[PDB]
């Protein structure tokens, strides 16, 4: 039990994740101090964090006694090496998603972290998207009782195949890992693990080889969760269609916090994470013969909450906002989906 200093943070990588999705959040929380960043982008780090030291080798973070938390935002195929070496040096770690290519590697990371007394969490921050927070509130207030169908669609319009290096390079490529993990994580958070996965996973784009289409069925008995996304979709349809015994929630659109971060905006006030009114979800409730329909203002998105929560886990022993086991379960779903599509059969989870 000591003086509560700023948490001393090392960031690995300063590309998109590091510089747009993580750095700007940590910068507004004074729980944190960014001490070091492993990156070649020196001029970029100086502009954003005039007092952070830029370093170039992993050991400069890992072997620095002063650093307590490492954010791992480097390319997919370095995730495991970097995180493991952070764990071994006794640092707490936040990993970008997808956690790893396989459940087994995930298992191994979690085991090392518990052995070494350190905190390991995965940046599944779509639990704090405006739309999802809204679904959760609706659930907790009894407006979506006994869900029987849960359909989530994560479509994009990117019909053109990028460069080989961006397509093929590294572990865990494609939209199932990249986009699917968000909405799979949301599903596990709401419902726990299913009995079975059925899935079609493919590249629809001409000359694509890496995955650009997925359609997952998660079997929870009476409850069906259907998770899907294509890369040739000019307009999306609802992002969520949720049916309960008495009510439905249908909602379009995507959380706007990532766009605000890309634009140079920081969570500076209460208007952060606000949804756009024409994209508010519509709730339909049926009471006997009476059918009503009502537009729900979304709860504000709140990515800050993940890091405020991480600070509480580090400083006060609170439960982590996203655990290692939660991270792993998502990877389990993905591997079962990948095997389902290959074997052309339903894969039981054991």
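Positions refer to the first chain, counted from 1.
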{"query": "Higher-B stretch (mean Cα B-factor, as the entry records it), 1-9 or 340-348", "finding": "1-9"}
{"query": "Mean temperature factor over C-alpha atoms, higher-scoring stretch between 69-77 and 164-172", "finding": "164-172"}
{"query": "Given 159, 238, 229, 256, the residue at which the Cα B factor reaches its maximum", "finding": "159"}
{"query": "Candidate set 208, 119, 133, 250 [ranked by C-alpha B-factor, highest]", "finding": "208"}
{"query": "CA B-factor placement of residue 27, once the chain's modelled residues are sorted into thirds", "finding": "middle"}
{"query": "Chain-wide C-alpha B factor ranking for residue 114, given as lowest, middle or highest third", "finding": "highest"}
{"query": "Third of the chain, ranked by Cα B-factor, where residue 212 sits", "finding": "lowest"}
{"query": "Ranked C-alpha temperature factor of residue 61 among modelled chain residues, by third", "finding": "highest"}
{"query": "Chain-wide C-alpha B factor ranking for residue 182, given as lowest, middle or highest third", "finding": "lowest"}
